Structure formats: structure tokens, C-alpha cells
Amino acid sequence: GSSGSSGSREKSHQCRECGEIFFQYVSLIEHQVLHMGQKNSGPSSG
Ligand SMILES: [Zn+2]
């Protein structure tokens with residue numbers, strides 16, 4: 001019944017999607033993007 005978490009407790013950042021643990025929020029929020037996106041950037045793209 002809404003139990004498990006006790007006061008302030010470190011929160012890990014796992015991506016069930018693939019299964020990777022990170023520390024910096026940016027790593028996750030950013031990583032998520034990697035998943036989406038295909039056939040967009042080809043050869044000599046800049
Ligand atoms: Zn992932």
C-alpha cells in the first residue's frame with residue numbers, strides 16, 4: 001500500500017528498454033533519444 005520508499009533514498013537511472021544503468025540524468029534523458037531514430041543521417045551528412 002504505497003510502501004517501499006523510505007524518506008530520501010538515492011534514485012538509480014535504469015533504462016529497462018535495453019538495460020543500462022547511469023548516474024547523470026542527462027545520460028539517460030539523452031540516451032533515450034539514441035533508441036529512436038533510423039535512416040535519417042547518411043554518408044557525408046555535414
Ligand atoms: Zn535504453
# chains A, B, ... in the order shown; residues from 1 in each chain; ligands from 1
>>> residues_near_ligand(ligand="ligand 1", cutoff="9 Å", atoms="only C-alpha atoms and all ligand atoms", output="list in words")
residues 14, 15, 16, 17, 18, 19, 20, 28, 31, 32, 33, 34 and 35 of chain A
>>> write_last_selection(atoms="N, CA and C atoms", output="PDB file, in the first residue's frame")
ATOM      1  N   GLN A  14      17.887   3.524 -14.524  1.00  0.00           N
ATOM      2  CA  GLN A  14      17.970   2.356 -15.392  1.00  0.00           C
ATOM      3  C   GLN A  14      17.033   2.498 -16.587  1.00  0.00           C
ATOM      4  N   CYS A  15      17.453   1.966 -17.729  1.00  0.00           N
ATOM      5  CA  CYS A  15      16.652   2.034 -18.946  1.00  0.00           C
ATOM      6  C   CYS A  15      16.128   0.654 -19.330  1.00  0.00           C
ATOM      7  N   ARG A  16      15.102   0.197 -18.618  1.00  0.00           N
ATOM      8  CA  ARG A  16      14.509  -1.108 -18.883  1.00  0.00           C
ATOM      9  C   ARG A  16      14.504  -1.409 -20.379  1.00  0.00           C
ATOM     10  N   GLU A  17      14.346  -0.366 -21.188  1.00  0.00           N
ATOM     11  CA  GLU A  17      14.323  -0.520 -22.638  1.00  0.00           C
ATOM     12  C   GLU A  17      15.391  -1.508 -23.097  1.00  0.00           C
ATOM     13  N   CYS A  18      16.648  -1.188 -22.806  1.00  0.00           N
ATOM     14  CA  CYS A  18      17.763  -2.045 -23.189  1.00  0.00           C
ATOM     15  C   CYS A  18      18.403  -2.688 -21.961  1.00  0.00           C
ATOM     16  N   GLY A  19      18.516  -1.913 -20.886  1.00  0.00           N
ATOM     17  CA  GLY A  19      19.108  -2.424 -19.664  1.00  0.00           C
ATOM     18  C   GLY A  19      20.475  -1.829 -19.390  1.00  0.00           C
ATOM     19  N   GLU A  20      20.507  -0.537 -19.081  1.00  0.00           N
ATOM     20  CA  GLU A  20      21.761   0.151 -18.798  1.00  0.00           C
ATOM     21  C   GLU A  20      21.595   1.131 -17.641  1.00  0.00           C
ATOM     22  N   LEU A  28      20.758   9.523 -19.298  1.00  0.00           N
ATOM     23  CA  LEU A  28      19.515   8.800 -19.543  1.00  0.00           C
ATOM     24  C   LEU A  28      18.625   9.564 -20.519  1.00  0.00           C
ATOM     25  N   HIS A  31      20.206   9.445 -23.688  1.00  0.00           N
ATOM     26  CA  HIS A  31      20.309   8.093 -24.224  1.00  0.00           C
ATOM     27  C   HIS A  31      18.998   7.665 -24.876  1.00  0.00           C
ATOM     28  N   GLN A  32      17.893   7.893 -24.176  1.00  0.00           N
ATOM     29  CA  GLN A  32      16.576   7.529 -24.687  1.00  0.00           C
ATOM     30  C   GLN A  32      16.449   7.883 -26.164  1.00  0.00           C
ATOM     31  N   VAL A  33      16.974   9.047 -26.537  1.00  0.00           N
ATOM     32  CA  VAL A  33      16.920   9.501 -27.921  1.00  0.00           C
ATOM     33  C   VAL A  33      17.577   8.493 -28.857  1.00  0.00           C
ATOM     34  N   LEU A  34      18.780   8.059 -28.500  1.00  0.00           N
ATOM     35  CA  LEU A  34      19.516   7.092 -29.307  1.00  0.00           C
ATOM     36  C   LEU A  34      18.584   6.011 -29.845  1.00  0.00           C
ATOM     37  N   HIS A  35      17.788   5.427 -28.956  1.00  0.00           N
ATOM     38  CA  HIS A  35      16.848   4.380 -29.340  1.00  0.00           C
ATOM     39  C   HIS A  35      16.068   4.783 -30.588  1.00  0.00           C
TER      40      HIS A  35
END
>>> atom_distance(atom1="CA of residue 26 in chain A", atom2="CA of residue 3 in chain A")
28.3 Å
>>> select_by_dssp(residues="chain A", states="alpha helix (DSSP H)", output="number ranges by chain")
A: 25-35
>>> decode(residues="range 15-30 of chain A", atoms="N, CA and C atoms", output="PDB file, in the first residue's frame")
ATOM      1  N   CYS A  15      17.453   1.966 -17.729  1.00  0.00           N
ATOM      2  CA  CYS A  15      16.652   2.034 -18.946  1.00  0.00           C
ATOM      3  C   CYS A  15      16.128   0.654 -19.330  1.00  0.00           C
ATOM      4  N   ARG A  16      15.102   0.197 -18.618  1.00  0.00           N
ATOM      5  CA  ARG A  16      14.509  -1.108 -18.883  1.00  0.00           C
ATOM      6  C   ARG A  16      14.504  -1.409 -20.379  1.00  0.00           C
ATOM      7  N   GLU A  17      14.346  -0.366 -21.188  1.00  0.00           N
ATOM      8  CA  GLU A  17      14.323  -0.520 -22.638  1.00  0.00           C
ATOM      9  C   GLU A  17      15.391  -1.508 -23.097  1.00  0.00           C
ATOM     10  N   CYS A  18      16.648  -1.188 -22.806  1.00  0.00           N
ATOM     11  CA  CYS A  18      17.763  -2.045 -23.189  1.00  0.00           C
ATOM     12  C   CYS A  18      18.403  -2.688 -21.961  1.00  0.00           C
ATOM     13  N   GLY A  19      18.516  -1.913 -20.886  1.00  0.00           N
ATOM     14  CA  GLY A  19      19.108  -2.424 -19.664  1.00  0.00           C
ATOM     15  C   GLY A  19      20.475  -1.829 -19.390  1.00  0.00           C
ATOM     16  N   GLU A  20      20.507  -0.537 -19.081  1.00  0.00           N
ATOM     17  CA  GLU A  20      21.761   0.151 -18.798  1.00  0.00           C
ATOM     18  C   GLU A  20      21.595   1.131 -17.641  1.00  0.00           C
ATOM     19  N   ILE A  21      22.525   1.081 -16.693  1.00  0.00           N
ATOM     20  CA  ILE A  21      22.482   1.965 -15.534  1.00  0.00           C
ATOM     21  C   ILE A  21      23.387   3.176 -15.733  1.00  0.00           C
ATOM     22  N   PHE A  22      22.889   4.348 -15.353  1.00  0.00           N
ATOM     23  CA  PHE A  22      23.653   5.583 -15.490  1.00  0.00           C
ATOM     24  C   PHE A  22      23.632   6.380 -14.188  1.00  0.00           C
ATOM     25  N   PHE A  23      24.387   7.474 -14.160  1.00  0.00           N
ATOM     26  CA  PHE A  23      24.458   8.323 -12.977  1.00  0.00           C
ATOM     27  C   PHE A  23      23.926   9.722 -13.278  1.00  0.00           C
ATOM     28  N   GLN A  24      24.388  10.299 -14.382  1.00  0.00           N
ATOM     29  CA  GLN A  24      23.961  11.634 -14.782  1.00  0.00           C
ATOM     30  C   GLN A  24      22.623  11.580 -15.513  1.00  0.00           C
ATOM     31  N   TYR A  25      21.648  12.327 -15.007  1.00  0.00           N
ATOM     32  CA  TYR A  25      20.320  12.361 -15.609  1.00  0.00           C
ATOM     33  C   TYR A  25      20.413  12.569 -17.119  1.00  0.00           C
ATOM     34  N   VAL A  26      21.298  13.470 -17.532  1.00  0.00           N
ATOM     35  CA  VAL A  26      21.486  13.762 -18.948  1.00  0.00           C
ATOM     36  C   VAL A  26      21.775  12.490 -19.738  1.00  0.00           C
ATOM     37  N   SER A  27      22.608  11.623 -19.169  1.00  0.00           N
ATOM     38  CA  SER A  27      22.969  10.369 -19.821  1.00  0.00           C
ATOM     39  C   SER A  27      21.723   9.581 -20.210  1.00  0.00           C
ATOM     40  N   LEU A  28      20.758   9.523 -19.298  1.00  0.00           N
ATOM     41  CA  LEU A  28      19.515   8.800 -19.543  1.00  0.00           C
ATOM     42  C   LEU A  28      18.625   9.564 -20.519  1.00  0.00           C
ATOM     43  N   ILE A  29      18.076  10.683 -20.058  1.00  0.00           N
ATOM     44  CA  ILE A  29      17.207  11.507 -20.890  1.00  0.00           C
ATOM     45  C   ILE A  29      17.744  11.607 -22.314  1.00  0.00           C
ATOM     46  N   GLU A  30      19.064  11.715 -22.435  1.00  0.00           N
ATOM     47  CA  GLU A  30      19.703  11.817 -23.742  1.00  0.00           C
ATOM     48  C   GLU A  30      19.761  10.455 -24.429  1.00  0.00           C
TER      49      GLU A  30
END
